[PDB]
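Under PDB author numbering, think of the first position of the sequence shown as 8, with each following residue one higher. Even for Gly, the Cβ is constructed at its ideal location relative to N, Cα and C.
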Amino acid sequence: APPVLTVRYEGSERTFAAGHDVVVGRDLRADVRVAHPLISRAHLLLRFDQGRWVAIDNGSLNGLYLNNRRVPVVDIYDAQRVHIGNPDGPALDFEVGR
């Protein structure tokens with residue numbers, strides 16, 4: 008029933024099902040690995056909660072940005088582009104559903 012979440016980063020795609028937290032970050036073992044030094048090892052958590060996908064800033068040093076606003080969380084209803092590390096840091100494209 009819950010839609011899957013596709014994450015597009017720098018020519019890569021990964022697709023996740025609701026039920027376990029997804030890690031975005033610099034860690035070699037991250038589900039979505041982003042190597043730029045602005046990025047913390049476990050920079051974001053992605054998860055399906057209360058009926059929607061969310062991207063959560065996991066107490067990162069350099070943060071999560073939506074349209075030049077630094078935010079602790081981004082709600083992903085259908086489609087969304089965010090930046091991590093800076094307003095012009097690595098971009099993540101989110102897409103909900105198949």
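Spatial distance of residue i from residue j (CA atoms)
{"i": "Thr22", "j": "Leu51", "result": "16 Å"}
{"i": "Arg40", "j": "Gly92", "result": "14 Å"}
{"i": "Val11", "j": "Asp64", "result": "20 Å"}
{"i": "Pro94", "j": "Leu73", "result": "8 Å"}
{"i": "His43", "j": "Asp34", "result": "11 Å"}
{"i": "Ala37", "j": "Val103", "result": "20 Å"}
{"i": "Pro79", "j": "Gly70", "result": "8 Å"}
{"i": "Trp60", "j": "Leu68", "result": "23 Å"}
{"i": "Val14", "j": "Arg77", "result": "20 Å"}
{"i": "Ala25", "j": "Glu17", "result": "23 Å"}
Cutoff 7 Å: residue i Cβ touching any chain D Cβ
{"i": "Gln57", "result": "In the structure shown, chain D does not exist; there is a single protein chain."}
Range of the contiguous beta strand (DSSP E) that encloses residue i
{"i": "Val89", "result": "86-91"}
{"i": "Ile46", "result": "Unbroken run through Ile46: none, as it is neither H nor E."}
{"i": "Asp64", "result": "59-64"}
{"i": "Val103", "result": "98-103"}
C-beta contact flag for residue i and residue j at 7 Å
{"i": "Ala62", "j": "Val81", "result": "yes"}
{"i": "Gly66", "j": "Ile46", "result": "no"}
{"i": "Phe101", "j": "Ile83", "result": "yes"}
{"i": "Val30", "j": "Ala49", "result": "yes"}
Opposing strand residues paired with residue i [DSSP bridges]
{"i": "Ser19", "result": "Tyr16"}
{"i": "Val30", "result": "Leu52"}
{"i": "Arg40", "result": "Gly32"}
Exposure label - residue i; buried when at least 16 CB within 10 Å
{"i": "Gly96", "result": "buried"}
{"i": "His90", "result": "buried"}
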